[PDB]
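coords_0.pdb (PDB, C-alpha atoms)
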ATOM      1  CA  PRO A   1       0.000   0.000   0.000  1.00  0.00           C
ATOM      2  CA  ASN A   2       1.273   3.454  -0.925  1.00  0.00           C
ATOM      3  CA  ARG A   3      -1.618   5.022   0.967  1.00  0.00           C
ATOM      4  CA  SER A   4      -2.236   2.923   4.066  1.00  0.00           C
ATOM      5  CA  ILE A   5      -4.131   5.672   5.879  1.00  0.00           C
ATOM      6  CA  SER A   6      -7.471   5.180   7.607  1.00  0.00           C
ATOM      7  CA  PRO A   7     -10.323   6.810   5.627  1.00  0.00           C
ATOM      8  CA  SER A   8     -12.603   6.316   8.626  1.00  0.00           C
ATOM      9  CA  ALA A   9     -10.347   8.664  10.590  1.00  0.00           C
ATOM     10  CA  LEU A  10     -10.245  11.215   7.773  1.00  0.00           C
ATOM     11  CA  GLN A  11     -14.026  11.227   7.317  1.00  0.00           C
ATOM     12  CA  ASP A  12     -14.507  11.545  11.073  1.00  0.00           C
ATOM     13  CA  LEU A  13     -11.980  14.387  11.085  1.00  0.00           C
ATOM     14  CA  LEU A  14     -14.099  16.257   8.516  1.00  0.00           C
ATOM     15  CA  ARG A  15     -17.049  16.015  10.885  1.00  0.00           C
ATOM     16  CA  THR A  16     -15.045  17.342  13.765  1.00  0.00           C
ATOM     17  CA  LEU A  17     -13.340  20.181  11.881  1.00  0.00           C
ATOM     18  CA  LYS A  18     -16.597  21.605  10.544  1.00  0.00           C
ATOM     19  CA  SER A  19     -18.302  21.929  13.925  1.00  0.00           C
ATOM     20  CA  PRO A  20     -16.291  24.402  16.058  1.00  0.00           C
ATOM     21  CA  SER A  21     -19.196  25.554  18.231  1.00  0.00           C
ATOM     22  CA  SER A  22     -18.218  23.096  20.943  1.00  0.00           C
ATOM     23  CA  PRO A  23     -15.379  22.394  23.437  1.00  0.00           C
ATOM     24  CA  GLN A  24     -14.909  19.118  21.574  1.00  0.00           C
ATOM     25  CA  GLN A  25     -13.478  20.830  18.494  1.00  0.00           C
ATOM     26  CA  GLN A  26      -9.993  21.545  19.865  1.00  0.00           C
ATOM     27  CA  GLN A  27      -9.698  18.312  21.850  1.00  0.00           C
ATOM     28  CA  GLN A  28     -11.178  15.854  19.356  1.00  0.00           C
ATOM     29  CA  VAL A  29      -9.640  17.248  16.163  1.00  0.00           C
ATOM     30  CA  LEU A  30      -6.105  17.191  17.581  1.00  0.00           C
ATOM     31  CA  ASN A  31      -6.565  13.604  18.785  1.00  0.00           C
ATOM     32  CA  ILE A  32      -7.967  12.571  15.397  1.00  0.00           C
ATOM     33  CA  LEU A  33      -5.064  14.380  13.740  1.00  0.00           C
ATOM     34  CA  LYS A  34      -2.808  12.103  15.782  1.00  0.00           C
ATOM     35  CA  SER A  35      -4.660   9.111  14.313  1.00  0.00           C
ATOM     36  CA  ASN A  36      -3.873  10.401  10.822  1.00  0.00           C
ATOM     37  CA  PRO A  37      -0.451  11.989  11.565  1.00  0.00           C
ATOM     38  CA  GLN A  38       0.238  13.014   7.970  1.00  0.00           C
ATOM     39  CA  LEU A  39      -2.545  15.596   8.171  1.00  0.00           C
ATOM     40  CA  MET A  40      -1.465  16.666  11.648  1.00  0.00           C
ATOM     41  CA  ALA A  41       2.014  17.228  10.249  1.00  0.00           C
ATOM     42  CA  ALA A  42       0.537  19.495   7.578  1.00  0.00           C
ATOM     43  CA  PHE A  43      -1.469  21.517  10.100  1.00  0.00           C
ATOM     44  CA  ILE A  44       1.492  21.850  12.478  1.00  0.00           C
ATOM     45  CA  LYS A  45       3.747  22.867   9.586  1.00  0.00           C
ATOM     46  CA  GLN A  46       1.369  25.773   8.907  1.00  0.00           C
ATOM     47  CA  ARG A  47       1.531  26.734  12.601  1.00  0.00           C
ATOM     48  CA  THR A  48      -2.216  27.518  12.537  1.00  0.00           C
ATOM     49  CA  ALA A  49      -2.061  31.313  12.128  1.00  0.00           C
ATOM     50  CA  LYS A  50       1.659  31.986  12.324  1.00  0.00           C
ATOM     51  CA  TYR A  51       3.337  33.016   9.078  1.00  0.00           C
ATOM     52  CA  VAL A  52       6.408  30.817   8.812  1.00  0.00           C
ATOM     53  CA  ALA A  53       6.220  30.697   5.022  1.00  0.00           C
ATOM     54  CA  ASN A  54       9.383  32.766   4.745  1.00  0.00           C
ATOM     55  CA  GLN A  55      12.038  31.281   2.493  1.00  0.00           C
ATOM     56  CA  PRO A  56      15.181  33.292   1.496  1.00  0.00           C
ATOM     57  CA  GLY A  57      14.271  33.050  -2.175  1.00  0.00           C
ATOM     58  CA  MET A  58      11.624  35.766  -2.247  1.00  0.00           C
ATOM     59  CA  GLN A  59      12.411  39.106  -3.857  1.00  0.00           C
TER      60      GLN A  59
END
Now that the file is in, can you turn its structure into structure tokens?
Amino acid sequence: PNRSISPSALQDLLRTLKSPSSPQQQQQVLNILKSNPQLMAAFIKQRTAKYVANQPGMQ
């Protein structure tokens, strides 16, 4: 398998991400992100709302 990730986790993550009007949003999403680490890695790499997209190749 080149993509041995759990779709059940991803689909459940979608549910959780879309409903933020609850204390569960922060807790559950992060835990689900841990279940599908590749997506967690992407989110962490973006640093949420911090702008770390600064590479010394921009003019």
| task | Give me the residues within 12 Å of residue 5 in chain A as a list in words, counting only C-alpha atoms and dropping any in the same chain fewer than 6 places off. | result | residues 11, 33, 34, 35, 36, 37, 38 and 39 of chain A
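Relative to CA of residue 16 in chain A, CA of residue 32 in chain A is found at 8.7 Å.
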| message | As an exercise, work out the distance from CA of residue 29 in chain A to CA of residue 43 in chain A in Å and give it to one decimal place. | response | 11.0 Å
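Closest to residue 9 in chain A among A:47, A:53, A:58, A:30 is A:30, based on only C-alpha atoms.
Of note, CA of residue 54 in chain A and CA of residue 41 in chain A are spaced 18.1 Å apart.
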